[PDB]
*Asks:* 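Can you read through this structure? Questions will come right after.
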Amino acid sequence: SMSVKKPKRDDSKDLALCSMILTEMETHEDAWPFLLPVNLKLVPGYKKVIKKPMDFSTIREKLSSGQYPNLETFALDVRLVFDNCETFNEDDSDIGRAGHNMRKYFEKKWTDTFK
């Protein structure tokens, strides 16, 4: 509250560390569905169904231009990529499996880096 603060957690390396994680996600062999924005002209249903599209290139550009206020807003966008993928893709499809695998990969790196 006013004039009452928990001790200052060191957040000075968060930007660098989120960039490292994102690099690891970009280079994963199962990243291919997620590297670029889904082409809304060429994929029926996507525009209407997925209210907030997100992809790794969009996250990288937001990261690089100071559009994440803190590491939680970064994790929210990463999780949105995988939540969108589960909304649109069957679990037993190459893309559906890719998104489960990547979500797992991310959540471990997130815990190991920050928790």
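Numbering starts at 1 and runs along the sequence shown. Hydrogens, waters and symmetry mates are skipped; everything else that's a heavy atom, side chains included, is used.
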*Asks:* Answer with yes or no whether the hydrophobic clustering places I50 together with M54; edges join I, L, V, M, F, W, Y residues whose side-chain heavy atoms lie under 4.5 Å apart.
*Replies:*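 Per the 4.5 Å side-chain linkage, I50 and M54 are not co-clustered.
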*Asks:* For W110 and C18, which heavy atoms make the closest approach, and how far apart are they?
*Replies:*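 That closest heavy-atom pairing would be CZ3-SG, 4.0 Å.
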*Asks:* Nearest 0.5 Å please: distance from the CD1 atom of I59 over to the CD1 atom of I21.
*Replies:*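 One gets 11.5 Å once the value is rounded to the nearest 0.5 Å.
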*Asks:* With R60, which residues qualify under side-chain contact (heavy atoms from CB on, under 4.5 Å), at least two apart?
*Replies:*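 Partners of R60 by the side-chain contact (heavy atoms from CB on, under 4.5 Å) criterion, ordered by chain and then number, come out as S19, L22, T23, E26, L63, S64.
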*Asks:* For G45 and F88, which heavy atoms make the closest approach, and how far apart are they?
*Replies:*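 Looking at all heavy atoms of both residues, the shortest contact is C-CE1, 3.9 Å.
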*Asks:* Name all residues meeting the side-chain contact (heavy atoms from CB on, under 4.5 Å) criterion together with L36; count only those two or more places apart in sequence or in a different chain, and write none if there are none.
*Replies:*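 In terms of side-chain contact (heavy atoms from CB on, under 4.5 Å), with neighbours along the sequence ignored, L36 is linked to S57.
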*Asks:* Going by ring pair (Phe, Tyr, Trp, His ring centres under 6.0 Å), name the residues that satisfy it together with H28, two or more places apart in sequence or in a different chain.
*Replies:*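 Testing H28 for ring pair (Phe, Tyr, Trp, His ring centres under 6.0 Å), a comparison that skips the adjacent residues, returns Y105.
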*Asks:* Any non-hydrogen side-chain atom of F74 less than 4.5 Å from a side-chain atom of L17?
*Replies:*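 A side-chain contact under 4.5 Å is absent here.
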*Asks:* Give the cluster check for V43 versus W32: same hydrophobic cluster or not, with ILVMFWY residues linked at side-chain heavy-atom distances below 4.5 Å.
*Replies:*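 No, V43 does not connect to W32 through the hydrophobic network.
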*Asks:* Which side-chain N or O atoms in residues 78-86 pair as donor and acceptor under 3.5 Å with protein atoms at least two apart or in another chain?
*Replies:*
| residue | atom | partner | partner atom | Å |
| --- | --- | --- | --- | --- |
| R79 | NE | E107 | OE2 | 2.8 |
| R79 | NH2 | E107 | OE1 | 2.9 |
| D83 | OD1 | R103 | NH1 | 3.0 |
| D83 | OD1 | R103 | NH2 | 2.7 |
| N84 | ND2 | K52 | O | 2.9 |
| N84 | ND2 | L80 | O | 3.4 |
| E86 | OE2 | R103 | NH2 | 3.1 |

*Asks:* If you measure from the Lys or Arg side-chain nitrogens to the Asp or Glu carboxylate oxygens, is any gap between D91 and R97 under 4.0 Å?
*Replies:*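 Salt bridge between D91 and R97, a charged N being under 4.0 Å from a carboxylate O: no.
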*Asks:* For a quick test of reading the model, state the closest non-hydrogen atom pair linking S1 to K5 and the distance between them.
*Replies:*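 What the structure gives for the nearest pair is O-NZ, 3.1 Å.
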*Asks:* Would you find more than 12 non-hydrogen atoms of other residues, nucleotides or ligands less than 6.0 Å from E61 atom CD?
*Replies:*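 Not more than 12 within 6.0 Å, no.
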*Asks:* Got a sec, which pairs hit salt bridge (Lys or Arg N to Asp or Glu O under 4.0 Å) with one end in residues 35-50, sequence neighbours left out?
*Replies:*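 Salt bridge (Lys or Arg N to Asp or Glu O under 4.0 Å) check on residues 35-50 returns no pairs.
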*Asks:* Under the rule for side-chain contact (heavy atoms from CB on, under 4.5 Å), what residues qualify as partners of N70, not counting sequence neighbours?
*Replies:*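 Partners of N70 under the side-chain contact (heavy atoms from CB on, under 4.5 Å) test: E72, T73.
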*Asks:* Let me see the working for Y68 and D14 under side-chain hydrogen bond (donor to acceptor under 3.5 Å, both in side chains), right down to the final yes or no.
*Replies:* CA-CA 11 Å; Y68 291 115; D14 291 355; over 6 Å; no
*Asks:* With no hydrogens and no angle check, just 3.5 Å: does a side-chain donor-acceptor pair link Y46 and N39?
*Replies:*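 No - no donor-acceptor pair under 3.5 Å links their side chains.
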*Asks:* Do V49 and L40 share a hydrophobic cluster, counting only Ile, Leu, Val, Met, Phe, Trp and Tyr and linking them when any side-chain heavy atoms are less than 4.5 Å apart?
*Replies:*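 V49 and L40: one cluster.
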*Asks:* Mind checking whether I95 and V38 sit in one hydrophobic cluster, side chains of I, L, V, M, F, W, Y counted as touching below 4.5 Å?
*Replies:*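 Unlinked, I95 and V38 end up in two clusters.
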*Asks:* Could you check if a side-chain atom of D55 sits within less than 4.5 angstrom of a side-chain atom of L35, using non-hydrogen atoms only?
*Replies:*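 Result no, sub-4.5 Å side-chain heavy-atom pair not found.
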*Asks:* Any side-chain to backbone donor/acceptor pair from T113 onto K109? Under 3.5 Å, distance only.
*Replies:*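 Here the side-chain-to-backbone pair exists.
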